[PDB]
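This is my_file_11.cif. It holds mmCIF, C-alpha atoms and all ligand atoms.
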```cif
data_upload
loop_
_atom_site.label_atom_id
_atom_site.label_comp_id
_atom_site.auth_asym_id
_atom_site.auth_seq_id
_atom_site.Cartn_x
_atom_site.Cartn_y
_atom_site.Cartn_z
CA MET A 1 38.31 -19.79 18.95
CA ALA A 2 37.62 -19.74 22.78
CA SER A 3 40.46 -21.37 24.54
CA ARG A 4 38.60 -23.27 27.29
CA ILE A 5 35.57 -25.58 27.56
CA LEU A 6 33.23 -25.69 30.55
CA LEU A 7 33.22 -28.97 32.48
CA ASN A 8 30.34 -30.42 34.48
CA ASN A 9 32.22 -29.60 37.70
CA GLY A 10 31.94 -25.90 36.90
CA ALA A 11 35.62 -25.44 36.01
CA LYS A 12 37.04 -24.49 32.62
CA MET A 13 39.53 -26.74 30.80
CA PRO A 14 41.94 -25.53 28.07
CA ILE A 15 41.04 -27.25 24.82
CA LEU A 16 44.63 -27.63 23.81
CA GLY A 17 47.15 -29.40 26.10
CA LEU A 18 50.63 -30.87 25.84
CA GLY A 19 50.94 -34.66 25.80
CA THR A 20 53.81 -36.28 27.70
CA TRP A 21 53.71 -40.03 26.92
CA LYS A 22 57.12 -41.03 25.50
CA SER A 23 58.63 -37.62 26.26
CA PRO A 24 62.10 -38.61 27.48
CA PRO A 25 62.86 -37.59 31.04
CA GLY A 26 65.90 -35.66 29.91
CA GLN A 27 63.78 -33.64 27.41
CA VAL A 28 60.37 -33.25 29.02
CA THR A 29 61.34 -30.56 31.55
CA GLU A 30 62.41 -28.25 28.70
CA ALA A 31 59.39 -29.29 26.63
CA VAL A 32 56.97 -28.27 29.37
CA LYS A 33 58.89 -25.04 30.08
CA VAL A 34 58.75 -24.10 26.39
CA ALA A 35 55.08 -25.08 26.19
CA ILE A 36 54.15 -22.82 29.12
CA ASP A 37 56.27 -19.98 27.67
CA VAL A 38 54.43 -20.17 24.34
CA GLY A 39 50.96 -20.34 25.85
CA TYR A 40 50.07 -23.89 26.87
CA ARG A 41 48.06 -24.01 30.04
CA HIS A 42 47.16 -27.72 30.13
CA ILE A 43 49.59 -30.64 30.51
CA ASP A 44 48.46 -34.27 30.19
CA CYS A 45 50.41 -36.59 32.48
CA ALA A 46 50.31 -40.09 33.93
CA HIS A 47 52.18 -42.04 36.58
CA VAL A 48 52.73 -44.90 34.12
CA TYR A 49 54.62 -42.53 31.78
CA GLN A 50 57.48 -42.52 34.34
CA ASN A 51 58.28 -38.83 33.80
CA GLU A 52 56.00 -36.95 36.19
CA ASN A 53 58.93 -35.85 38.39
CA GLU A 54 60.53 -34.12 35.38
CA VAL A 55 57.21 -32.64 34.21
CA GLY A 56 56.82 -31.34 37.75
CA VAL A 57 60.23 -29.66 37.74
CA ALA A 58 59.06 -27.59 34.74
CA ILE A 59 55.69 -26.72 36.25
CA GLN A 60 57.27 -25.69 39.55
CA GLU A 61 59.92 -23.57 37.86
CA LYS A 62 57.35 -21.70 35.80
CA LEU A 63 55.23 -21.11 38.90
CA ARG A 64 58.31 -19.95 40.83
CA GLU A 65 59.31 -17.65 37.85
CA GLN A 66 55.71 -16.27 37.94
CA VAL A 67 55.30 -17.00 34.28
CA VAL A 68 51.85 -18.36 35.35
CA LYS A 69 49.79 -18.70 38.36
CA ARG A 70 48.68 -22.14 39.57
CA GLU A 71 45.02 -21.23 39.00
CA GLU A 72 45.81 -20.64 35.30
CA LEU A 73 47.23 -24.15 34.81
CA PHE A 74 45.15 -27.25 34.18
CA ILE A 75 47.18 -30.32 35.14
CA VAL A 76 45.78 -33.77 34.34
CA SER A 77 47.03 -37.15 35.51
CA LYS A 78 45.72 -40.69 35.61
CA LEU A 79 45.39 -43.58 38.09
CA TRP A 80 47.27 -46.59 36.74
CA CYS A 81 45.64 -50.03 36.47
CA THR A 82 47.60 -51.61 39.36
CA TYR A 83 46.06 -49.09 41.79
CA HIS A 84 42.34 -49.96 41.34
CA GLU A 85 41.94 -50.81 45.00
CA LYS A 86 40.22 -48.80 47.65
CA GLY A 87 43.29 -48.72 49.78
CA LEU A 88 45.71 -47.77 46.99
CA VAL A 89 43.91 -44.93 45.10
CA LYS A 90 44.79 -42.10 47.49
CA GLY A 91 48.46 -43.03 47.67
CA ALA A 92 48.67 -43.32 43.88
CA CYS A 93 47.17 -39.85 43.54
CA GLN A 94 49.48 -38.49 46.22
CA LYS A 95 52.58 -39.93 44.52
CA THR A 96 51.53 -38.16 41.34
CA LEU A 97 50.92 -34.96 43.30
CA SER A 98 54.30 -35.19 45.00
CA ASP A 99 56.08 -35.88 41.69
CA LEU A 100 54.29 -33.02 39.87
CA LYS A 101 55.03 -30.60 42.75
CA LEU A 102 51.32 -29.92 43.19
CA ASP A 103 48.73 -29.78 46.06
CA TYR A 104 45.91 -30.61 43.72
CA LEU A 105 45.24 -31.91 40.23
CA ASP A 106 42.75 -30.17 37.98
CA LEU A 107 41.60 -33.53 36.61
CA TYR A 108 42.38 -37.12 37.61
CA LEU A 109 41.35 -39.95 35.30
CA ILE A 110 40.91 -43.69 35.65
CA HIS A 111 43.56 -44.42 32.99
CA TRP A 112 41.99 -47.64 31.69
CA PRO A 113 38.82 -49.34 32.92
CA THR A 114 40.76 -52.54 33.77
CA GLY A 115 42.25 -53.15 37.20
CA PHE A 116 45.40 -55.29 37.45
CA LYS A 117 47.01 -57.11 40.36
CA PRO A 118 48.86 -54.56 42.56
CA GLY A 119 52.62 -54.70 42.78
CA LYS A 120 55.74 -53.21 41.34
CA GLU A 121 55.04 -54.27 37.75
CA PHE A 122 52.71 -52.04 35.74
CA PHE A 123 51.60 -55.02 33.63
CA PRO A 124 51.67 -58.12 35.90
CA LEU A 125 51.50 -61.17 33.64
CA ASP A 126 50.77 -64.84 34.16
CA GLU A 127 53.28 -67.36 32.82
CA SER A 128 51.35 -67.40 29.49
CA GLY A 129 51.50 -63.65 29.02
CA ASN A 130 47.97 -62.66 30.01
CA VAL A 131 47.58 -59.66 32.31
CA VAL A 132 46.64 -60.65 35.85
CA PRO A 133 43.35 -58.90 36.73
CA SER A 134 42.16 -57.34 39.94
CA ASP A 135 38.70 -58.30 41.12
CA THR A 136 37.93 -54.57 41.89
CA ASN A 137 35.19 -53.22 39.44
CA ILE A 138 34.92 -49.73 37.74
CA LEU A 139 32.15 -48.70 40.18
CA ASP A 140 34.24 -49.23 43.31
CA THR A 141 37.16 -47.55 41.60
CA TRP A 142 34.89 -44.61 40.81
CA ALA A 143 33.82 -44.31 44.45
CA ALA A 144 37.51 -44.07 45.36
CA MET A 145 37.93 -41.30 42.77
CA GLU A 146 34.98 -39.43 44.31
CA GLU A 147 36.73 -39.51 47.68
CA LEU A 148 39.70 -37.68 46.16
CA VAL A 149 37.40 -34.77 45.22
CA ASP A 150 36.04 -34.77 48.77
CA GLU A 151 39.56 -34.66 50.23
CA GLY A 152 40.67 -31.73 48.06
CA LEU A 153 43.33 -33.68 46.15
CA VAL A 154 41.64 -33.25 42.76
CA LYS A 155 39.19 -30.67 41.38
CA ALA A 156 37.64 -32.99 38.79
CA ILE A 157 37.56 -36.72 38.11
CA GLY A 158 37.05 -38.59 34.90
CA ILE A 159 37.70 -41.70 32.87
CA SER A 160 39.82 -42.78 29.93
CA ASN A 161 39.41 -45.53 27.37
CA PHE A 162 35.90 -46.26 28.66
CA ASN A 163 33.54 -47.65 26.06
CA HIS A 164 29.92 -46.71 25.73
CA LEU A 165 28.66 -49.32 28.12
CA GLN A 166 31.34 -48.51 30.68
CA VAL A 167 30.49 -44.81 30.62
CA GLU A 168 26.84 -45.80 31.05
CA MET A 169 27.82 -48.07 34.05
CA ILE A 170 29.46 -45.10 35.68
CA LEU A 171 26.42 -42.80 34.96
CA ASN A 172 24.02 -45.47 36.29
CA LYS A 173 26.07 -46.17 39.43
CA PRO A 174 23.86 -46.45 42.53
CA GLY A 175 24.56 -43.50 44.72
CA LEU A 176 26.72 -41.71 42.08
CA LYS A 177 28.12 -38.56 43.70
CA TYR A 178 30.10 -36.95 40.90
CA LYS A 179 29.64 -37.59 37.21
CA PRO A 180 32.81 -38.08 35.17
CA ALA A 181 33.91 -34.71 33.81
CA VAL A 182 35.91 -36.13 30.91
CA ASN A 183 36.38 -39.31 28.91
CA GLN A 184 39.84 -39.25 27.28
CA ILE A 185 39.91 -41.53 24.22
CA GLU A 186 41.96 -42.05 21.10
CA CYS A 187 40.56 -39.90 18.28
CA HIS A 188 41.86 -38.79 14.90
CA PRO A 189 40.75 -39.02 11.23
CA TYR A 190 41.39 -42.81 11.06
CA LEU A 191 39.46 -43.50 14.26
CA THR A 192 36.81 -40.78 14.31
CA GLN A 193 34.84 -42.07 17.30
CA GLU A 194 31.47 -40.57 16.25
CA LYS A 195 29.37 -42.97 18.24
CA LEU A 196 31.26 -42.73 21.51
CA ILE A 197 31.68 -38.97 21.19
CA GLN A 198 27.95 -38.39 20.59
CA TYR A 199 27.08 -40.59 23.60
CA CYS A 200 29.50 -38.82 25.88
CA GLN A 201 28.67 -35.30 24.68
CA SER A 202 24.88 -36.07 25.02
CA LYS A 203 25.62 -36.80 28.71
CA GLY A 204 27.66 -33.65 29.24
CA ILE A 205 30.92 -35.43 29.52
CA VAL A 206 33.75 -33.59 27.69
CA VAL A 207 35.83 -35.78 25.41
CA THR A 208 39.61 -35.39 25.14
CA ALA A 209 41.23 -36.74 21.96
CA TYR A 210 44.53 -38.48 22.48
CA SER A 211 47.02 -39.52 19.79
CA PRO A 212 45.58 -36.82 17.49
CA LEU A 213 48.59 -37.09 15.15
CA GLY A 214 48.40 -40.88 15.09
CA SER A 215 51.21 -41.35 17.60
CA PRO A 216 54.03 -41.81 15.02
CA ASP A 217 56.46 -42.52 17.90
CA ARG A 218 54.35 -45.26 19.37
CA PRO A 219 56.82 -48.13 20.18
CA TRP A 220 54.83 -50.74 18.16
CA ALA A 221 54.67 -48.70 14.97
CA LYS A 222 55.22 -50.71 11.74
CA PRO A 223 56.40 -49.17 8.50
CA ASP A 224 50.73 -48.67 9.16
CA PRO A 225 48.70 -45.67 7.90
CA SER A 226 50.25 -42.26 8.55
CA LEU A 227 48.07 -39.24 9.21
CA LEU A 228 50.87 -36.76 8.98
CA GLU A 229 51.84 -38.12 5.55
CA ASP A 230 48.32 -38.60 4.18
CA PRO A 231 48.38 -36.40 1.02
CA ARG A 232 44.54 -35.83 1.43
CA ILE A 233 45.18 -34.20 4.82
CA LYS A 234 48.27 -32.44 3.47
CA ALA A 235 46.04 -30.95 0.76
CA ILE A 236 43.62 -29.49 3.31
CA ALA A 237 46.60 -28.11 5.22
CA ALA A 238 48.07 -26.53 2.10
CA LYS A 239 44.74 -24.91 1.24
CA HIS A 240 44.71 -23.25 4.67
CA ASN A 241 48.43 -22.39 4.63
CA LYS A 242 48.90 -24.53 7.78
CA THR A 243 50.84 -27.69 8.60
CA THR A 244 49.23 -31.11 8.55
CA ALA A 245 49.74 -31.30 12.31
CA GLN A 246 47.89 -27.98 12.73
CA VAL A 247 44.94 -29.38 10.75
CA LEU A 248 45.00 -32.55 12.84
CA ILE A 249 44.88 -30.44 16.03
CA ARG A 250 42.21 -28.01 14.82
CA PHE A 251 39.97 -30.89 13.68
CA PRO A 252 39.04 -32.16 17.19
CA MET A 253 38.81 -28.59 18.48
CA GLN A 254 35.94 -27.93 16.05
CA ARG A 255 34.19 -31.09 17.26
CA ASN A 256 34.04 -29.58 20.75
CA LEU A 257 36.85 -31.85 21.92
CA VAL A 258 39.94 -31.17 23.98
CA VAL A 259 43.14 -32.30 22.22
CA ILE A 260 46.57 -33.15 23.65
CA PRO A 261 49.29 -33.47 20.97
CA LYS A 262 52.68 -34.58 22.28
CA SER A 263 56.00 -33.12 21.28
CA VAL A 264 59.45 -32.64 22.76
CA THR A 265 60.58 -30.55 19.77
CA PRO A 266 60.44 -26.85 20.73
CA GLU A 267 59.53 -25.66 17.25
CA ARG A 268 56.70 -28.20 17.02
CA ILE A 269 55.44 -27.35 20.52
CA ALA A 270 55.03 -23.81 19.24
CA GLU A 271 53.59 -24.88 15.85
CA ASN A 272 50.97 -27.00 17.49
CA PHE A 273 49.76 -24.09 19.58
CA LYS A 274 49.15 -21.84 16.55
CA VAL A 275 45.71 -23.30 15.87
CA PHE A 276 43.41 -20.45 17.15
CA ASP A 277 43.67 -18.21 13.96
CA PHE A 278 42.04 -20.44 11.28
CA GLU A 279 38.88 -22.41 10.66
CA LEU A 280 38.25 -25.67 8.87
CA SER A 281 35.05 -25.49 6.80
CA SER A 282 32.16 -27.89 7.40
CA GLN A 283 33.21 -29.60 4.15
CA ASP A 284 36.77 -29.93 5.49
CA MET A 285 35.42 -31.40 8.72
CA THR A 286 33.18 -33.91 6.94
CA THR A 287 36.01 -34.79 4.57
CA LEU A 288 38.37 -35.47 7.50
CA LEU A 289 35.67 -37.56 9.19
CA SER A 290 35.37 -39.59 5.99
CA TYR A 291 38.88 -40.98 6.51
CA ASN A 292 37.75 -43.17 9.42
CA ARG A 293 39.00 -46.73 9.19
CA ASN A 294 38.60 -47.81 12.84
CA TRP A 295 42.48 -47.80 13.33
CA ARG A 296 43.83 -47.69 16.91
CA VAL A 297 47.24 -46.68 18.14
CA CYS A 298 46.34 -47.91 21.63
CA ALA A 299 45.36 -51.41 22.05
CA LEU A 300 47.16 -54.24 23.83
CA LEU A 301 46.88 -57.95 23.16
CA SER A 302 48.02 -59.03 26.65
CA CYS A 303 44.99 -57.29 28.18
CA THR A 304 42.23 -58.43 25.75
CA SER A 305 40.78 -61.17 27.97
CA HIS A 306 40.41 -58.90 30.99
CA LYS A 307 36.70 -58.72 31.75
CA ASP A 308 36.74 -54.95 31.40
CA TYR A 309 38.99 -54.62 28.33
CA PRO A 310 37.22 -51.83 26.45
CA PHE A 311 37.75 -52.66 22.73
CA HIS A 312 36.62 -55.26 20.26
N1 LIG A 401 44.68 -41.96 28.05
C1 LIG A 401 45.43 -42.81 27.33
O1 LIG A 401 45.32 -44.04 27.40
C2 LIG A 401 46.44 -42.20 26.41
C3 LIG A 401 46.80 -40.88 26.49
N2 LIG A 401 47.64 -40.33 25.57
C4 LIG A 401 48.03 -38.89 25.76
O2 LIG A 401 47.89 -38.23 24.52
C5 LIG A 401 49.16 -37.64 24.16
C6 LIG A 401 49.28 -37.52 22.65
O3 LIG A 401 49.25 -38.82 22.04
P1 LIG A 401 50.58 -39.58 21.54
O4 LIG A 401 50.21 -41.02 21.48
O5 LIG A 401 51.76 -39.17 22.37
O6 LIG A 401 50.81 -39.12 20.04
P2 LIG A 401 50.55 -37.82 19.11
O7 LIG A 401 49.47 -38.18 18.15
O8 LIG A 401 50.42 -36.62 19.95
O9 LIG A 401 51.90 -37.82 18.26
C7 LIG A 401 53.16 -37.54 18.93
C8 LIG A 401 54.23 -37.69 17.87
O10 LIG A 401 54.01 -36.68 16.84
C9 LIG A 401 55.19 -35.93 16.65
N3 LIG A 401 54.84 -34.56 16.35
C10 LIG A 401 54.29 -33.65 17.21
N4 LIG A 401 54.01 -32.49 16.67
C11 LIG A 401 54.40 -32.65 15.37
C12 LIG A 401 54.40 -31.75 14.28
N5 LIG A 401 53.98 -30.50 14.40
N6 LIG A 401 54.88 -32.22 13.11
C13 LIG A 401 55.32 -33.50 13.03
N7 LIG A 401 55.37 -34.41 13.97
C14 LIG A 401 54.90 -33.92 15.15
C15 LIG A 401 55.99 -36.08 17.93
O11 LIG A 401 57.38 -35.91 17.67
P3 LIG A 401 58.40 -35.14 18.65
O12 LIG A 401 57.92 -35.32 20.07
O13 LIG A 401 59.70 -35.83 18.31
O14 LIG A 401 58.38 -33.68 18.20
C16 LIG A 401 55.66 -37.52 18.35
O15 LIG A 401 56.48 -38.45 17.64
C17 LIG A 401 50.16 -38.56 24.85
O16 LIG A 401 51.47 -38.02 24.91
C18 LIG A 401 49.50 -38.72 26.22
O17 LIG A 401 49.69 -37.52 26.94
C19 LIG A 401 48.08 -41.05 24.51
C20 LIG A 401 47.78 -42.39 24.42
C21 LIG A 401 46.98 -42.99 25.38
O1 LIG A 402 48.22 -46.06 27.92
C1 LIG A 402 48.70 -44.96 27.60
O2 LIG A 402 48.40 -43.83 28.06
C2 LIG A 402 49.80 -44.93 26.51
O3 LIG A 402 50.39 -46.21 26.33
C3 LIG A 402 51.15 -46.71 27.33
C4 LIG A 402 51.96 -45.89 28.15
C5 LIG A 402 52.79 -46.51 29.06
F1 LIG A 402 53.56 -45.70 29.82
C6 LIG A 402 52.90 -47.86 29.21
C7 LIG A 402 52.10 -48.66 28.39
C8 LIG A 402 51.22 -48.10 27.47
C9 LIG A 402 50.34 -49.01 26.68
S1 LIG A 402 50.93 -50.46 26.07
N1 LIG A 402 49.09 -48.60 26.54
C10 LIG A 402 48.07 -49.33 25.84
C11 LIG A 402 47.15 -50.10 26.79
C12 LIG A 402 47.37 -50.17 28.16
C13 LIG A 402 46.46 -50.83 29.00
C14 LIG A 402 45.33 -51.40 28.43
BR1 LIG A 402 44.04 -52.16 29.60
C15 LIG A 402 45.09 -51.36 27.09
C16 LIG A 402 46.02 -50.70 26.28
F2 LIG A 402 45.78 -50.62 24.96
#
```
Starting from the file, lay out its structure as structure tokens.
Ligand SMILES: NC(=O)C1=CN([C@@H]2O[C@H](COP(=O)(O)OP(=O)(O)OC[C@H]3O[C@@H](n4cnc5c(N)ncnc54)[C@H](OP(=O)(O)O)[C@@H]3O)[C@@H](O)[C@H]2O)C=CC1
Ligand SMILES: O=C(O)COc1cc(F)ccc1C(=S)NCc1ccc(Br)cc1F
Amino acid sequence: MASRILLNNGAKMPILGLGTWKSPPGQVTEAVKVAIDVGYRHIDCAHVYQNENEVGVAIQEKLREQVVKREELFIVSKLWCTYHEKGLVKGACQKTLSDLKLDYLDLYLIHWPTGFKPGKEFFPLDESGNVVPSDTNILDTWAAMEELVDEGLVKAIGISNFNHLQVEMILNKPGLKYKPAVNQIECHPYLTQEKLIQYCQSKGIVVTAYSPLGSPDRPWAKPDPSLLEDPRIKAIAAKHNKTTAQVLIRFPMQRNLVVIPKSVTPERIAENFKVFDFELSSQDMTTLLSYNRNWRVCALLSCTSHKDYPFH
């Protein structure tokens, strides 16, 4: 299969990237180095993950080694919720740029639609545990994102964890200058996202699937359904002489999605890339879709009263 998808900014995005949430800072530099050595050309990052400096060390070393050229990499990061303010967006982007050792990002996303009170804490709470909102809306945040394109800091802008109506808000914005290129959302066989994917794809927005393996290392995991251990998915994998993870990665690829599995295990980083030499049948695809149960890795009770919390 073709390795890149065309975005509505005219640039091409690798359909397979390396996730970095939870990648320990003492492991992620090697993980990214290995990933680039074995063919990855897309890294998914975020300031809130607290490891962009270490990701950046890897990127810079591989550029300095001339393993890759900068134009061949597709580096994605995300604006955290406490920086939804006109006067904070540029500096947030620039901190990410400085940490990643870059002069531009290929794609910069609004990480979640909700703005929170600015400050040192990533999740400012009231004394009863509710997140403290910002009054700044997704449209004003979007205008700030558009400025980053116009200043050369980012080549593309997009959104993440935006629901149907929030995507529509963005598309209907008065004076919209740049459409979102991407909506990055959770997507896997237990949360197949057909409705949101069809909406987004119908509008030309590319969808990136996060937590494609069901985020087994998520910190709130309970001893919960498990994609990697689902014998029905294992059976499809066995039939194709592939791993369950490889099936779980190939699945979104054949839906015209980008997918960003995370690993810090070198052998798995390599395994996860070996997904361009086999095809799931239409019956396999429909069978995997049939496993939907509307199960989310990423949700957060403290944020559920925010006006713009995306999920119900
Ligand atoms: N925009 C957003 O709000 C969000 C974005 N994301 C992005 O998506 C990425 C991927 O999602 P994430 O939630 O991390 O979870 P994933 O679904 O990618 O699962 C990661 C887990 O799977 C394990 N694993 C990886 N490959 C294999 C394999 N071949 N066999 C068995 N186990 C394997 C990893 O172990 P190990 O590392 O030990 O090898 C790790 O424990 C994130 O890292 C982040 O970049 C995720 C959530 C939210
Ligand atoms: O968010 C990620 O990329 C991965 O997850 C995280 C990554 C971090 F570095 C810190 C917190 C999270 C959490 S708890 N994320 C879920 C979450 C956050 C905010 C809102 Br609005 C809703 C929600 F569901």
What's around range 54-57 of chain A at 8 Å? Count only C-alpha atoms, leave out sequence neighbours fewer than 3 positions away in its own chain, and write the answer as a PyMOL selection string. chain A and resi 25-26+28-29+32+51+60-61+99-102
Can you tell me which residues surround residue 62 in chain A at a distance of at most 10 Å, considering all atoms listed in the file, apart from same-chain residues fewer than 3 positions away, and format the answer as a VMD selection string? chain A and resid 32 to 34 36 to 37 56 to 59 65 to 70
Enclosing box along x, y and z for every listed atom of ligand LIG 401 (chain A), padded 8 Å each side, centre and size in Å, one decimal, as AutoDock Vina command-line options:
```
--center_x 52.2 --center_y -37.3 --center_z 20.5 --size_x 31.0 --size_y 29.5 --size_z 31.0
```
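Atom pair CA of residue 11 in chain A / CA of residue 203 in chain A: separated by 16.8 Å.
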Which one is closest to ligand LIG 402 (chain A): A:87, A:310, A:175, A:212? Count all atoms listed in the file. A:310
Nearest to residue 171 in chain A by atom-to-atom distance, counting all atoms listed in the file, from A:24, A:223, A:189, A:158: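 Nearest candidate to residue 171 in chain A out of A:24, A:223, A:189, A:158: A:158.
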Determine, counting all atoms listed in the file, which protein, DNA and RNA residues have an atom within 10 Å of an atom of residue 209 in chain A; residues of the same chain fewer than 5 positions away are not included. Present the result as a PDB file with C-alpha atoms, in the coordinates of the input.
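Writing done, so here's around14.pdb:
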```pdb
ATOM      1  CA  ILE A  15      41.040 -27.250  24.820  1.00  0.00           C
ATOM      2  CA  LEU A  16      44.630 -27.630  23.810  1.00  0.00           C
ATOM      3  CA  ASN A 183      36.380 -39.310  28.910  1.00  0.00           C
ATOM      4  CA  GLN A 184      39.840 -39.250  27.280  1.00  0.00           C
ATOM      5  CA  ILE A 185      39.910 -41.530  24.220  1.00  0.00           C
ATOM      6  CA  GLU A 186      41.960 -42.050  21.100  1.00  0.00           C
ATOM      7  CA  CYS A 187      40.560 -39.900  18.280  1.00  0.00           C
ATOM      8  CA  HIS A 188      41.860 -38.790  14.900  1.00  0.00           C
ATOM      9  CA  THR A 192      36.810 -40.780  14.310  1.00  0.00           C
ATOM     10  CA  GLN A 193      34.840 -42.070  17.300  1.00  0.00           C
ATOM     11  CA  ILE A 197      31.680 -38.970  21.190  1.00  0.00           C
ATOM     12  CA  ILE A 249      44.880 -30.440  16.030  1.00  0.00           C
ATOM     13  CA  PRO A 252      39.040 -32.160  17.190  1.00  0.00           C
ATOM     14  CA  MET A 253      38.810 -28.590  18.480  1.00  0.00           C
ATOM     15  CA  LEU A 257      36.850 -31.850  21.920  1.00  0.00           C
ATOM     16  CA  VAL A 258      39.940 -31.170  23.980  1.00  0.00           C
ATOM     17  CA  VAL A 259      43.140 -32.300  22.220  1.00  0.00           C
ATOM     18  CA  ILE A 260      46.570 -33.150  23.650  1.00  0.00           C
ATOM     19  CA  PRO A 261      49.290 -33.470  20.970  1.00  0.00           C
TER      20      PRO A 261
END
```
Tell me, counting only C-alpha atoms and all ligand atoms, for each residue of chain A within 7 Å of ligand LIG 402 (chain A), which pair of atoms is nearest and how far apart they are in Å to one decimal, in rows ordered by chain and increasing number, as JSON lines.
```
{"residue": "A:21", "atom": "CA", "partner": "A:LIG402", "partner_atom": "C4", "distance": 6.2}
{"residue": "A:48", "atom": "CA", "partner": "A:LIG402", "partner_atom": "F1", "distance": 4.5}
{"residue": "A:49", "atom": "CA", "partner": "A:LIG402", "partner_atom": "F1", "distance": 3.9}
{"residue": "A:50", "atom": "CA", "partner": "A:LIG402", "partner_atom": "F1", "distance": 6.8}
{"residue": "A:111", "atom": "CA", "partner": "A:LIG402", "partner_atom": "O2", "distance": 6.9}
{"residue": "A:112", "atom": "CA", "partner": "A:LIG402", "partner_atom": "BR1", "distance": 5.4}
{"residue": "A:113", "atom": "CA", "partner": "A:LIG402", "partner_atom": "BR1", "distance": 6.8}
{"residue": "A:114", "atom": "CA", "partner": "A:LIG402", "partner_atom": "BR1", "distance": 5.3}
{"residue": "A:298", "atom": "CA", "partner": "A:LIG402", "partner_atom": "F2", "distance": 4.3}
{"residue": "A:299", "atom": "CA", "partner": "A:LIG402", "partner_atom": "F2", "distance": 3.0}
{"residue": "A:300", "atom": "CA", "partner": "A:LIG402", "partner_atom": "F2", "distance": 4.0}
{"residue": "A:303", "atom": "CA", "partner": "A:LIG402", "partner_atom": "BR1", "distance": 5.4}
{"residue": "A:309", "atom": "CA", "partner": "A:LIG402", "partner_atom": "BR1", "distance": 5.8}
```
Contacts of residue 137 in chain A within 10 Å, all atoms listed in the file, excl. fewer than 6 positions in-chain, as JSON, numbers by chain: {"A": [84, 85, 113, 114, 115, 307, 308]}
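Taking all atoms listed in the file into account, residue 163 in chain A lies nearest to A:199 out of the set A:199, A:80, A:210, A:123.
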Which residues of chain A have any atom within 6 Å of an atom in ligand LIG 401 (chain A) when counting all atoms listed in the file, and what is the closest pair of atoms for each, with the distance in Å to one decimal? Order the rows by chain and rising number and write it as a tab-separated table.
```
residue	atom	partner	partner_atom	distance
A:19	CA	A:LIG401	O17	3.3
A:20	CA	A:LIG401	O16	4.0
A:21	CA	A:LIG401	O16	3.6
A:44	CA	A:LIG401	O17	4.8
A:45	CA	A:LIG401	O17	5.7
A:111	CA	A:LIG401	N1	5.6
A:160	CA	A:LIG401	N1	5.3
A:184	CA	A:LIG401	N1	5.6
A:210	CA	A:LIG401	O2	3.9
A:211	CA	A:LIG401	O7	3.2
A:212	CA	A:LIG401	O7	4.2
A:213	CA	A:LIG401	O7	3.3
A:214	CA	A:LIG401	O7	4.2
A:215	CA	A:LIG401	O6	3.3
A:216	CA	A:LIG401	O15	4.9
A:217	CA	A:LIG401	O15	4.1
A:245	CA	A:LIG401	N5	4.8
A:260	CA	A:LIG401	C5	5.2
A:261	CA	A:LIG401	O8	3.5
A:262	CA	A:LIG401	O8	3.8
A:263	CA	A:LIG401	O12	3.2
A:264	CA	A:LIG401	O12	4.1
A:265	CA	A:LIG401	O14	4.1
A:268	CA	A:LIG401	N5	4.4
A:271	CA	A:LIG401	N5	5.8
A:272	CA	A:LIG401	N5	5.6
```
Please determine, counting only C-alpha atoms, which residue among A:148, A:198, A:71, A:285 has the shortest atom-to-atom distance to residue 178 in chain A.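 Nearest to residue 178 in chain A: A:148.
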For residue 295 in chain A, which residue among A:225, A:94, A:282, A:246 is the nearest when counting all atoms listed in the file? A:225
Just want the 6 Å neighbourhood of range 72-75 of chain A, counted on only C-alpha atoms, with same-chain residues fewer than 5 positions away dropped. Output as a list in words.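 Contacts, in chain order: residues 41, 42, 43, 105 and 106 of chain A.
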Take the residues from that selection and put them in a file with C-alpha atoms, as a PDB file, in the coordinates of the input.
```pdb
ATOM      1  CA  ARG A  41      48.060 -24.010  30.040  1.00  0.00           C
ATOM      2  CA  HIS A  42      47.160 -27.720  30.130  1.00  0.00           C
ATOM      3  CA  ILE A  43      49.590 -30.640  30.510  1.00  0.00           C
ATOM      4  CA  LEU A 105      45.240 -31.910  40.230  1.00  0.00           C
ATOM      5  CA  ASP A 106      42.750 -30.170  37.980  1.00  0.00           C
TER       6      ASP A 106
END
```
What does the structure give for the distance between CA of residue 174 in chain A and CA of residue 136 in chain A, in Å to one decimal? 16.3 Å
Using only C-alpha atoms, which residue out of A:208, A:202, A:12, A:64 lies closest to residue 109 in chain A?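 That would be A:208, the residue with the smallest distance to residue 109 in chain A.
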